Structures are given as C-alpha cells and as structure tokens.
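See below for entry33.pdb, which holds PDB, N, CA and C atoms and all ligand atoms.
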```pdb
MODEL        1
ATOM      1  N   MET A 103       6.024 -21.392  22.957
ATOM      2  CA  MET A 103       7.501 -21.199  23.006
ATOM      3  C   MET A 103       7.928 -20.082  22.080
ATOM      4  N   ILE A 104       8.984 -19.382  22.470
ATOM      5  CA  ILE A 104       9.506 -18.286  21.671
ATOM      6  C   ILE A 104       9.969 -18.821  20.322
ATOM      7  N   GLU A 105      10.641 -19.970  20.335
ATOM      8  CA  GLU A 105      11.150 -20.560  19.101
ATOM      9  C   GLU A 105      10.047 -20.996  18.137
ATOM     10  N   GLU A 106       8.908 -21.433  18.667
ATOM     11  CA  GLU A 106       7.799 -21.839  17.809
ATOM     12  C   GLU A 106       7.167 -20.596  17.198
ATOM     13  N   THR A 107       7.131 -19.517  17.968
ATOM     14  CA  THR A 107       6.565 -18.271  17.475
ATOM     15  C   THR A 107       7.418 -17.788  16.308
ATOM     16  N   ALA A 108       8.730 -17.884  16.482
ATOM     17  CA  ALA A 108       9.696 -17.483  15.465
ATOM     18  C   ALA A 108       9.502 -18.235  14.141
ATOM     19  N   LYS A 109       9.398 -19.558  14.210
ATOM     20  CA  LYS A 109       9.222 -20.352  13.000
ATOM     21  C   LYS A 109       7.898 -20.034  12.309
ATOM     22  N   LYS A 110       6.849 -19.835  13.101
ATOM     23  CA  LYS A 110       5.531 -19.510  12.566
ATOM     24  C   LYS A 110       5.561 -18.163  11.844
ATOM     25  N   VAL A 111       6.270 -17.209  12.432
ATOM     26  CA  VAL A 111       6.376 -15.880  11.850
ATOM     27  C   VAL A 111       7.156 -15.970  10.550
ATOM     28  N   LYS A 112       8.212 -16.777  10.562
ATOM     29  CA  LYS A 112       9.044 -16.958   9.380
ATOM     30  C   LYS A 112       8.238 -17.650   8.288
ATOM     31  N   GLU A 113       7.424 -18.625   8.682
ATOM     32  CA  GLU A 113       6.607 -19.368   7.727
ATOM     33  C   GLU A 113       5.526 -18.511   7.081
ATOM     34  N   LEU A 114       5.197 -17.385   7.710
ATOM     35  CA  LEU A 114       4.194 -16.480   7.159
ATOM     36  C   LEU A 114       4.876 -15.485   6.231
ATOM     37  N   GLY A 115       6.188 -15.645   6.077
ATOM     38  CA  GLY A 115       6.962 -14.771   5.214
ATOM     39  C   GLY A 115       7.286 -13.405   5.797
ATOM     40  N   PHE A 116       7.072 -13.232   7.098
ATOM     41  CA  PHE A 116       7.360 -11.953   7.739
ATOM     42  C   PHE A 116       8.846 -11.824   8.075
ATOM     43  N   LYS A 117       9.401 -10.626   7.895
ATOM     44  CA  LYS A 117      10.813 -10.383   8.202
ATOM     45  C   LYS A 117      10.968  -9.474   9.417
ATOM     46  N   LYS A 118       9.886  -8.810   9.797
ATOM     47  CA  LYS A 118       9.930  -7.900  10.930
ATOM     48  C   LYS A 118       8.716  -8.066  11.844
ATOM     49  N   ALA A 119       8.977  -8.391  13.103
ATOM     50  CA  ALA A 119       7.909  -8.587  14.071
ATOM     51  C   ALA A 119       8.017  -7.588  15.219
ATOM     52  N   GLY A 120       6.895  -6.968  15.563
ATOM     53  CA  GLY A 120       6.888  -6.019  16.663
ATOM     54  C   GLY A 120       6.700  -6.790  17.955
ATOM     55  N   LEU A 121       7.354  -6.357  19.030
ATOM     56  CA  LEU A 121       7.249  -7.055  20.308
ATOM     57  C   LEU A 121       6.787  -6.201  21.490
ATOM     58  N   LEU A 122       5.732  -6.661  22.159
ATOM     59  CA  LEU A 122       5.199  -5.995  23.346
ATOM     60  C   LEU A 122       5.419  -6.984  24.489
ATOM     61  N   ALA A 123       6.426  -6.722  25.322
ATOM     62  CA  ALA A 123       6.748  -7.605  26.442
ATOM     63  C   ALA A 123       7.421  -6.848  27.587
ATOM     64  N   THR A 124       7.782  -7.564  28.647
ATOM     65  CA  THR A 124       8.431  -6.935  29.798
ATOM     66  C   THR A 124       9.855  -6.512  29.476
ATOM     67  N   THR A 125      10.397  -5.616  30.292
ATOM     68  CA  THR A 125      11.756  -5.140  30.089
ATOM     69  C   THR A 125      12.740  -6.267  30.375
ATOM     70  N   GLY A 126      12.411  -7.113  31.343
ATOM     71  CA  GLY A 126      13.287  -8.227  31.658
ATOM     72  C   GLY A 126      13.489  -9.092  30.427
ATOM     73  N   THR A 127      12.399  -9.349  29.712
ATOM     74  CA  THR A 127      12.439 -10.163  28.502
ATOM     75  C   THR A 127      13.209  -9.472  27.378
ATOM     76  N   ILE A 128      13.009  -8.169  27.234
ATOM     77  CA  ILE A 128      13.697  -7.424  26.193
ATOM     78  C   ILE A 128      15.184  -7.270  26.510
ATOM     79  N   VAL A 129      15.519  -7.195  27.795
ATOM     80  CA  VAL A 129      16.915  -7.060  28.199
ATOM     81  C   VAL A 129      17.656  -8.378  27.957
ATOM     82  N   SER A 130      16.983  -9.494  28.208
ATOM     83  CA  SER A 130      17.594 -10.796  27.985
ATOM     84  C   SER A 130      17.836 -10.948  26.487
ATOM     85  N   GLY A 131      17.023 -10.254  25.693
ATOM     86  CA  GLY A 131      17.152 -10.317  24.249
ATOM     87  C   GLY A 131      16.870 -11.705  23.707
ATOM     88  N   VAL A 132      16.040 -12.463  24.416
ATOM     89  CA  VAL A 132      15.711 -13.812  23.988
ATOM     90  C   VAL A 132      14.920 -13.844  22.678
ATOM     91  N   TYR A 133      14.069 -12.852  22.441
ATOM     92  CA  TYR A 133      13.306 -12.854  21.196
ATOM     93  C   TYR A 133      14.209 -12.589  19.991
ATOM     94  N   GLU A 134      15.036 -11.554  20.080
ATOM     95  CA  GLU A 134      15.942 -11.226  18.986
ATOM     96  C   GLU A 134      16.803 -12.442  18.666
ATOM     97  N   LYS A 135      17.249 -13.127  19.712
ATOM     98  CA  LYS A 135      18.078 -14.311  19.546
ATOM     99  C   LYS A 135      17.372 -15.411  18.765
ATOM    100  N   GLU A 136      16.241 -15.868  19.293
ATOM    101  CA  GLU A 136      15.484 -16.940  18.659
ATOM    102  C   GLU A 136      14.998 -16.583  17.260
ATOM    103  N   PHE A 137      14.559 -15.342  17.081
ATOM    104  CA  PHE A 137      14.077 -14.909  15.781
ATOM    105  C   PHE A 137      15.209 -14.801  14.760
ATOM    106  N   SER A 138      16.405 -14.432  15.214
ATOM    107  CA  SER A 138      17.536 -14.305  14.301
ATOM    108  C   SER A 138      17.886 -15.649  13.662
ATOM    109  N   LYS A 139      17.630 -16.742  14.383
ATOM    110  CA  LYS A 139      17.913 -18.087  13.878
ATOM    111  C   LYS A 139      17.049 -18.424  12.665
ATOM    112  N   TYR A 140      16.005 -17.631  12.438
ATOM    113  CA  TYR A 140      15.130 -17.836  11.288
ATOM    114  C   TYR A 140      15.196 -16.626  10.364
ATOM    115  N   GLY A 141      16.138 -15.728  10.642
ATOM    116  CA  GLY A 141      16.314 -14.542   9.817
ATOM    117  C   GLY A 141      15.278 -13.452  10.006
ATOM    118  N   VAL A 142      14.538 -13.508  11.109
ATOM    119  CA  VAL A 142      13.503 -12.512  11.373
ATOM    120  C   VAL A 142      13.963 -11.472  12.389
ATOM    121  N   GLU A 143      13.591 -10.222  12.146
ATOM    122  CA  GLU A 143      13.971  -9.132  13.027
ATOM    123  C   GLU A 143      12.889  -8.772  14.041
ATOM    124  N   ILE A 144      13.313  -8.510  15.272
ATOM    125  CA  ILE A 144      12.395  -8.132  16.339
ATOM    126  C   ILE A 144      12.446  -6.617  16.517
ATOM    127  N   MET A 145      11.278  -5.989  16.550
ATOM    128  CA  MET A 145      11.189  -4.546  16.731
ATOM    129  C   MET A 145      10.699  -4.259  18.145
ATOM    130  N   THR A 146      11.464  -3.466  18.889
ATOM    131  CA  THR A 146      11.094  -3.110  20.256
ATOM    132  C   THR A 146      10.950  -1.596  20.378
ATOM    133  N   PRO A 147      10.062  -1.132  21.273
ATOM    134  CA  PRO A 147       9.864   0.310  21.454
ATOM    135  C   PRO A 147      11.109   0.970  22.045
ATOM    136  N   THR A 148      11.150   2.300  22.003
ATOM    137  CA  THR A 148      12.275   3.038  22.561
ATOM    138  C   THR A 148      12.303   2.746  24.054
ATOM    139  N   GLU A 149      13.356   3.194  24.727
ATOM    140  CA  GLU A 149      13.483   2.939  26.154
ATOM    141  C   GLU A 149      12.362   3.601  26.950
ATOM    142  N   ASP A 150      11.940   4.791  26.527
ATOM    143  CA  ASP A 150      10.861   5.485  27.221
ATOM    144  C   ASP A 150       9.524   4.821  26.911
ATOM    145  N   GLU A 151       9.330   4.438  25.653
ATOM    146  CA  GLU A 151       8.090   3.785  25.246
ATOM    147  C   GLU A 151       7.987   2.444  25.965
ATOM    148  N   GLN A 152       9.135   1.809  26.180
ATOM    149  CA  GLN A 152       9.170   0.525  26.861
ATOM    150  C   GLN A 152       8.735   0.695  28.317
ATOM    151  N   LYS A 153       8.967   1.876  28.880
ATOM    152  CA  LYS A 153       8.562   2.120  30.262
ATOM    153  C   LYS A 153       7.037   2.193  30.312
ATOM    154  N   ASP A 154       6.439   2.769  29.271
ATOM    155  CA  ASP A 154       4.986   2.875  29.175
ATOM    156  C   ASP A 154       4.326   1.514  28.921
ATOM    157  N   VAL A 155       5.057   0.609  28.278
ATOM    158  CA  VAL A 155       4.535  -0.728  28.020
ATOM    159  C   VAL A 155       4.468  -1.393  29.384
ATOM    160  N   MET A 156       5.505  -1.158  30.184
ATOM    161  CA  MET A 156       5.576  -1.723  31.525
ATOM    162  C   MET A 156       4.446  -1.175  32.389
ATOM    163  N   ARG A 157       4.160   0.117  32.243
ATOM    164  CA  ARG A 157       3.085   0.754  32.993
ATOM    165  C   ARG A 157       1.758   0.163  32.547
ATOM    166  N   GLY A 158       1.622  -0.038  31.239
ATOM    167  CA  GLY A 158       0.398  -0.601  30.694
ATOM    168  C   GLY A 158       0.109  -1.992  31.234
ATOM    169  N   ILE A 159       1.154  -2.796  31.391
ATOM    170  CA  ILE A 159       1.004  -4.158  31.898
ATOM    171  C   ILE A 159       0.771  -4.211  33.409
ATOM    172  N   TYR A 160       1.570  -3.466  34.167
ATOM    173  CA  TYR A 160       1.458  -3.492  35.624
ATOM    174  C   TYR A 160       0.606  -2.412  36.276
ATOM    175  N   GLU A 161       0.840  -1.149  35.933
ATOM    176  CA  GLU A 161       0.045  -0.075  36.509
ATOM    177  C   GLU A 161      -1.358  -0.142  35.902
ATOM    178  N   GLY A 162      -1.450  -0.749  34.725
ATOM    179  CA  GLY A 162      -2.732  -0.860  34.058
ATOM    180  C   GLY A 162      -3.445  -2.181  34.278
ATOM    181  N   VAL A 163      -3.180  -3.142  33.405
ATOM    182  CA  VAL A 163      -3.837  -4.436  33.477
ATOM    183  C   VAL A 163      -3.737  -5.185  34.805
ATOM    184  N   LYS A 164      -2.527  -5.432  35.285
ATOM    185  CA  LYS A 164      -2.361  -6.171  36.536
ATOM    186  C   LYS A 164      -2.963  -5.450  37.744
ATOM    187  N   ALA A 165      -2.941  -4.120  37.717
ATOM    188  CA  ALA A 165      -3.476  -3.326  38.818
ATOM    189  C   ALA A 165      -4.996  -3.217  38.798
ATOM    190  N   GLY A 166      -5.607  -3.591  37.679
ATOM    191  CA  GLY A 166      -7.051  -3.509  37.576
ATOM    192  C   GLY A 166      -7.504  -2.287  36.796
ATOM    193  N   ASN A 167      -6.564  -1.419  36.440
ATOM    194  CA  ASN A 167      -6.916  -0.229  35.678
ATOM    195  C   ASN A 167      -6.868  -0.573  34.186
ATOM    196  N   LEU A 168      -7.834  -1.375  33.755
ATOM    197  CA  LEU A 168      -7.930  -1.827  32.374
ATOM    198  C   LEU A 168      -7.971  -0.715  31.330
ATOM    199  N   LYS A 169      -8.549   0.428  31.688
ATOM    200  CA  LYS A 169      -8.626   1.552  30.756
ATOM    201  C   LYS A 169      -7.230   2.075  30.442
ATOM    202  N   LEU A 170      -6.403   2.200  31.475
ATOM    203  CA  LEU A 170      -5.037   2.688  31.305
ATOM    204  C   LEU A 170      -4.195   1.695  30.515
ATOM    205  N   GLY A 171      -4.325   0.414  30.854
ATOM    206  CA  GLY A 171      -3.575  -0.616  30.161
ATOM    207  C   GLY A 171      -3.885  -0.653  28.679
ATOM    208  N   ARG A 172      -5.169  -0.572  28.336
ATOM    209  CA  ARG A 172      -5.563  -0.591  26.940
ATOM    210  C   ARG A 172      -4.973   0.611  26.229
ATOM    211  N   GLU A 173      -5.136   1.783  26.839
ATOM    212  CA  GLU A 173      -4.628   3.026  26.274
ATOM    213  C   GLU A 173      -3.139   2.961  25.925
ATOM    214  N   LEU A 174      -2.310   2.650  26.913
ATOM    215  CA  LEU A 174      -0.872   2.587  26.693
ATOM    216  C   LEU A 174      -0.409   1.458  25.770
ATOM    217  N   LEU A 175      -1.024   0.283  25.874
ATOM    218  CA  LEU A 175      -0.615  -0.846  25.034
ATOM    219  C   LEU A 175      -1.079  -0.702  23.585
ATOM    220  N   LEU A 176      -2.310  -0.246  23.401
ATOM    221  CA  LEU A 176      -2.838  -0.058  22.058
ATOM    222  C   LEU A 176      -1.989   0.988  21.335
ATOM    223  N   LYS A 177      -1.636   2.056  22.046
ATOM    224  CA  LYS A 177      -0.833   3.121  21.457
ATOM    225  C   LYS A 177       0.531   2.613  21.021
ATOM    226  N   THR A 178       1.147   1.780  21.850
ATOM    227  CA  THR A 178       2.464   1.234  21.538
ATOM    228  C   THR A 178       2.396   0.284  20.344
ATOM    229  N   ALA A 179       1.358  -0.547  20.309
ATOM    230  CA  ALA A 179       1.171  -1.492  19.211
ATOM    231  C   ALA A 179       1.006  -0.729  17.900
ATOM    232  N   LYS A 180       0.199   0.327  17.943
ATOM    233  CA  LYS A 180      -0.051   1.147  16.765
ATOM    234  C   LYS A 180       1.214   1.846  16.286
ATOM    235  N   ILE A 181       2.124   2.131  17.208
ATOM    236  CA  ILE A 181       3.387   2.782  16.870
ATOM    237  C   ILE A 181       4.332   1.788  16.179
ATOM    238  N   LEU A 182       4.421   0.575  16.714
ATOM    239  CA  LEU A 182       5.271  -0.446  16.115
ATOM    240  C   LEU A 182       4.742  -0.751  14.719
ATOM    241  N   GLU A 183       3.419  -0.799  14.614
ATOM    242  CA  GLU A 183       2.744  -1.084  13.360
ATOM    243  C   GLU A 183       3.072  -0.014  12.327
ATOM    244  N   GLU A 184       2.825   1.239  12.694
ATOM    245  CA  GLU A 184       3.083   2.353  11.798
ATOM    246  C   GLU A 184       4.542   2.384  11.378
ATOM    247  N   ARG A 185       5.414   1.840  12.225
ATOM    248  CA  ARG A 185       6.844   1.808  11.942
ATOM    249  C   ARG A 185       7.275   0.673  11.019
ATOM    250  N   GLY A 186       6.341  -0.181  10.614
ATOM    251  CA  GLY A 186       6.710  -1.261   9.711
ATOM    252  C   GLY A 186       6.561  -2.698  10.184
ATOM    253  N   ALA A 187       6.088  -2.910  11.410
ATOM    254  CA  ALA A 187       5.916  -4.272  11.911
ATOM    255  C   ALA A 187       4.895  -5.010  11.046
ATOM    256  N   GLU A 188       5.232  -6.230  10.632
ATOM    257  CA  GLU A 188       4.338  -7.030   9.803
ATOM    258  C   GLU A 188       3.423  -7.876  10.691
ATOM    259  N   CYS A 189       3.685  -7.834  11.992
ATOM    260  CA  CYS A 189       2.890  -8.563  12.974
ATOM    261  C   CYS A 189       3.304  -8.068  14.351
ATOM    262  N   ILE A 190       2.389  -8.152  15.307
ATOM    263  CA  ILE A 190       2.673  -7.724  16.667
ATOM    264  C   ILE A 190       2.595  -8.954  17.569
ATOM    265  N   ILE A 191       3.618  -9.145  18.394
ATOM    266  CA  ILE A 191       3.680 -10.275  19.309
ATOM    267  C   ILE A 191       3.255  -9.867  20.720
ATOM    268  N   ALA A 192       2.204 -10.497  21.241
ATOM    269  CA  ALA A 192       1.757 -10.200  22.595
ATOM    270  C   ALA A 192       2.648 -11.019  23.530
ATOM    271  N   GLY A 193       3.737 -10.398  23.986
ATOM    272  CA  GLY A 193       4.697 -11.059  24.855
ATOM    273  C   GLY A 193       4.247 -11.420  26.260
ATOM    274  N   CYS A 194       3.197 -10.766  26.745
ATOM    275  CA  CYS A 194       2.660 -11.033  28.076
ATOM    276  C   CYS A 194       1.151 -11.190  27.948
ATOM    277  N   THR A 195       0.577 -12.101  28.728
ATOM    278  CA  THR A 195      -0.862 -12.334  28.697
ATOM    279  C   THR A 195      -1.653 -11.053  28.942
ATOM    280  N   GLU A 196      -1.109 -10.139  29.742
ATOM    281  CA  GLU A 196      -1.805  -8.879  30.011
ATOM    282  C   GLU A 196      -2.075  -8.124  28.710
ATOM    283  N   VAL A 197      -1.179  -8.264  27.737
ATOM    284  CA  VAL A 197      -1.359  -7.568  26.467
ATOM    285  C   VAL A 197      -2.605  -8.064  25.744
ATOM    286  N   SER A 198      -2.773  -9.380  25.707
ATOM    287  CA  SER A 198      -3.910  -9.998  25.039
ATOM    288  C   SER A 198      -5.237  -9.699  25.729
ATOM    289  N   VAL A 199      -5.181  -9.330  27.002
ATOM    290  CA  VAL A 199      -6.398  -9.011  27.736
ATOM    291  C   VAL A 199      -7.078  -7.741  27.197
ATOM    292  N   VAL A 200      -6.289  -6.712  26.889
ATOM    293  CA  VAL A 200      -6.841  -5.448  26.394
ATOM    294  C   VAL A 200      -6.653  -5.164  24.902
ATOM    295  N   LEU A 201      -5.774  -5.919  24.250
ATOM    296  CA  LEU A 201      -5.512  -5.732  22.827
ATOM    297  C   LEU A 201      -6.008  -6.945  22.045
ATOM    298  N   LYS A 202      -6.890  -6.712  21.076
ATOM    299  CA  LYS A 202      -7.446  -7.799  20.266
ATOM    300  C   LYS A 202      -7.119  -7.599  18.787
ATOM    301  N   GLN A 203      -7.258  -8.660  17.999
ATOM    302  CA  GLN A 203      -6.957  -8.583  16.571
ATOM    303  C   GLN A 203      -7.708  -7.475  15.847
ATOM    304  N   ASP A 204      -8.942  -7.192  16.258
ATOM    305  CA  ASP A 204      -9.700  -6.154  15.572
ATOM    306  C   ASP A 204      -9.158  -4.741  15.791
ATOM    307  N   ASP A 205      -8.116  -4.617  16.612
ATOM    308  CA  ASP A 205      -7.479  -3.326  16.882
ATOM    309  C   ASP A 205      -6.303  -3.058  15.947
ATOM    310  N   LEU A 206      -5.798  -4.107  15.308
ATOM    311  CA  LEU A 206      -4.634  -3.981  14.437
ATOM    312  C   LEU A 206      -4.859  -4.321  12.972
ATOM    313  N   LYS A 207      -3.979  -3.795  12.123
ATOM    314  CA  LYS A 207      -4.031  -4.036  10.682
ATOM    315  C   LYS A 207      -3.203  -5.286  10.395
ATOM    316  N   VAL A 208      -2.216  -5.535  11.248
ATOM    317  CA  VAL A 208      -1.346  -6.692  11.090
ATOM    318  C   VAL A 208      -1.719  -7.777  12.100
ATOM    319  N   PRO A 209      -1.301  -9.023  11.843
ATOM    320  CA  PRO A 209      -1.614 -10.122  12.754
ATOM    321  C   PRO A 209      -1.086  -9.914  14.173
ATOM    322  N   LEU A 210      -1.935 -10.245  15.141
ATOM    323  CA  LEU A 210      -1.592 -10.158  16.554
ATOM    324  C   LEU A 210      -1.336 -11.600  16.962
ATOM    325  N   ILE A 211      -0.090 -11.932  17.266
ATOM    326  CA  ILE A 211       0.214 -13.304  17.636
ATOM    327  C   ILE A 211       0.679 -13.415  19.079
ATOM    328  N   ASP A 212       0.209 -14.448  19.760
ATOM    329  CA  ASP A 212       0.611 -14.659  21.138
ATOM    330  C   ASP A 212       1.175 -16.064  21.289
ATOM    331  N   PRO A 213       2.183 -16.227  22.158
ATOM    332  CA  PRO A 213       2.814 -17.528  22.403
ATOM    333  C   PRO A 213       1.781 -18.608  22.717
TER     334      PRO A 213
HETATM  335 CA    CA A 301     -12.402  -5.124  19.953
ENDMDL
END
```
Show me, as structure tokens, the structure contained in the file I just sent.
Ligand SMILES: [Ca+2]
Amino acid sequence: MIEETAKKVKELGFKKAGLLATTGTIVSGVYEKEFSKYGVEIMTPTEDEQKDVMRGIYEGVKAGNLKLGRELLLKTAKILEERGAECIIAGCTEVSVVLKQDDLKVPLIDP
C-alpha cells in the first residue's frame, strides 16, 4: 500500500523520496498526498523525463526490450538520486525488473 510505504519511509527518517511510476499515478498525485500525511516529500521527474519513464516501462520492459527499459529507468533513478532523493520508490513492477538495489546508493523500495 502507498500509505504503508509512506510510514516506512518516515520511520527511516527520510524526508524526500524519489518516485518512478506511471503518469496516471503521478497525475492523481496519490503519492504526494499519502506521503504528506507523514511529512515526507515526493520527488518526481520533469514532464519530459516522465515521458521517458513511461517509455522505459512500456516501450522497454513491457514490450520485451529489457535493454531499453533498464537504460531509461536506471538513468532516471540516478537523476532523482543525484538531485537529493534519500530513497527511490519503484512505483511499477516493471521498474523492479530492471533496476536492483546494487544499482543505487540510496534504498530502493517497492510497495
Ligand atoms: Ca545488478
């Protein structure tokens, strides 16, 4: 659950979490909402970067082009990280397929 992820992130003392998920999810703003209830901030990529996250999930992972998915998702995760994310949230299972903890400096958490 999004709310359980939020409490866990808060319990780890993190104030800023990076999010890799679908545009539908980011537009609903459900993560920012649930995380705000625990005082935690959600970091999302720019609108163009978000399009590449979408490509990474669908044109990449879901389509079978695992190389492309890894490339685009890893790059986005590394960008959120470099920007200050204390943890990266794998919002879609496709993210966890090509992105693993050994790829990041910060915790990779999935629902
Ligand atoms: Ca690895």
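Residues matched by the PyMOL selection byres (((not hetatm)) within 8 of (chain A and resi 301)) in this file: residues 200, 201, 202, 203, 204 and 205 of chain A.
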Length of the atom C of residue 153 in chain A to CA of residue 212 in chain A vector [Å]: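 Atom-to-atom, atom C of residue 153 in chain A and CA of residue 212 in chain A are spaced 20.2 Å apart.
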Using the chain letters and numbers from the file, which residues does the PyMOL selection byres (((chain A and resi 158-171) around 8) and not hetatm) grab, as a tab-separated table (two decimals) with N, CA and C atoms, in the frame of the given file?
```
chain	number	residue	atom	x	y	z
A	152	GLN	N	9.14	1.81	26.18
A	152	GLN	CA	9.17	0.52	26.86
A	152	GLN	C	8.74	0.70	28.32
A	153	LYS	N	8.97	1.88	28.88
A	153	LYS	CA	8.56	2.12	30.26
A	153	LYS	C	7.04	2.19	30.31
A	154	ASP	N	6.44	2.77	29.27
A	154	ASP	CA	4.99	2.88	29.18
A	154	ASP	C	4.33	1.51	28.92
A	155	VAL	N	5.06	0.61	28.28
A	155	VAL	CA	4.54	-0.73	28.02
A	155	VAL	C	4.47	-1.39	29.38
A	156	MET	N	5.50	-1.16	30.18
A	156	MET	CA	5.58	-1.72	31.52
A	156	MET	C	4.45	-1.18	32.39
A	157	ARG	N	4.16	0.12	32.24
A	157	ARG	CA	3.08	0.75	32.99
A	157	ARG	C	1.76	0.16	32.55
A	172	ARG	N	-5.17	-0.57	28.34
A	172	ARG	CA	-5.56	-0.59	26.94
A	172	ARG	C	-4.97	0.61	26.23
A	173	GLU	N	-5.14	1.78	26.84
A	173	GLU	CA	-4.63	3.03	26.27
A	173	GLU	C	-3.14	2.96	25.92
A	174	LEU	N	-2.31	2.65	26.91
A	174	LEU	CA	-0.87	2.59	26.69
A	174	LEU	C	-0.41	1.46	25.77
A	175	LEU	N	-1.02	0.28	25.87
A	175	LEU	CA	-0.62	-0.85	25.03
A	175	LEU	C	-1.08	-0.70	23.58
A	176	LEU	N	-2.31	-0.25	23.40
A	176	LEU	CA	-2.84	-0.06	22.06
A	176	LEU	C	-1.99	0.99	21.34
A	177	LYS	N	-1.64	2.06	22.05
A	177	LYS	CA	-0.83	3.12	21.46
A	177	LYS	C	0.53	2.61	21.02
A	195	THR	N	0.58	-12.10	28.73
A	195	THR	CA	-0.86	-12.33	28.70
A	195	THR	C	-1.65	-11.05	28.94
A	196	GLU	N	-1.11	-10.14	29.74
A	196	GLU	CA	-1.80	-8.88	30.01
A	196	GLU	C	-2.08	-8.12	28.71
A	197	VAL	N	-1.18	-8.26	27.74
A	197	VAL	CA	-1.36	-7.57	26.47
A	197	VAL	C	-2.60	-8.06	25.74
A	199	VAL	N	-5.18	-9.33	27.00
A	199	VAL	CA	-6.40	-9.01	27.74
A	199	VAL	C	-7.08	-7.74	27.20
A	200	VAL	N	-6.29	-6.71	26.89
A	200	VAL	CA	-6.84	-5.45	26.39
A	200	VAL	C	-6.65	-5.16	24.90
A	201	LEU	N	-5.77	-5.92	24.25
A	201	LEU	CA	-5.51	-5.73	22.83
A	201	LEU	C	-6.01	-6.94	22.04
```
Coordinates-based distance that separates atom N of residue 183 in chain A from atom N of residue 147 in chain A (Å, one decimal): 9.4 Å
DSSP-assigned helix (DSSP H, G or I) among range 143-201 of chain A, expressed as a ChimeraX atom specification: /A:149-164,168-184,195-200
Interatomic distance (Å, one decimal) between CA of residue 110 in chain A and CA of residue 135 in chain A: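 That distance, rounded to one decimal, is 15.3 Å.
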All residues 8 Å or closer to range 116-129 of chain A, only N, CA and C atoms, same chain fewer than 3 positions away omitted, as a ChimeraX atom specification: /A:110-113,132-134,140-147,152-153,155-156,175,178-179,182-183,186-195,197
Target residues per the PyMOL selection byres (((chain A and resi 105 and name CA) around 9) and not hetatm and name CA), formatted as a ChimeraX atom specification: /A:103-104,106-110,133,136-137,139
List every residue of range 121-166 of chain A that DSSP, applied to the backbone of this structure, places in strand (DSSP E or B), and write the result as a compact mmCIF listing (two decimals) with N, CA and C atoms, in the frame of the given file.
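For reference, states15.txt as written:
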```
# COMPACT_ATOMS: atom_id res chain seq x y z
N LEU A 121 7.35 -6.36 19.03
CA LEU A 121 7.25 -7.06 20.31
C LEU A 121 6.79 -6.20 21.49
N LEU A 122 5.73 -6.66 22.16
CA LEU A 122 5.20 -6.00 23.35
C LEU A 122 5.42 -6.98 24.49
N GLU A 143 13.59 -10.22 12.15
CA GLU A 143 13.97 -9.13 13.03
C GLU A 143 12.89 -8.77 14.04
N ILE A 144 13.31 -8.51 15.27
CA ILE A 144 12.40 -8.13 16.34
C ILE A 144 12.45 -6.62 16.52
N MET A 145 11.28 -5.99 16.55
CA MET A 145 11.19 -4.55 16.73
C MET A 145 10.70 -4.26 18.14
```
Nearest residue to residue 180 in chain A from the set A:115, A:150, A:198, A:207 (distances using only N, CA and C atoms):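 Comparing A:115, A:150, A:198, A:207 against residue 180 in chain A, the winner is A:207.
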Exercise on range 155-163 of chain A, axis-aligned box with 4 Å per side, report centre and edge lengths in Å to one decimal, as lines of an AutoDock Vina configuration file:
```
center_x = 0.9
center_y = -2.2
center_z = 32.3
size_x = 17.4
size_y = 13.9
size_z = 16.5
```
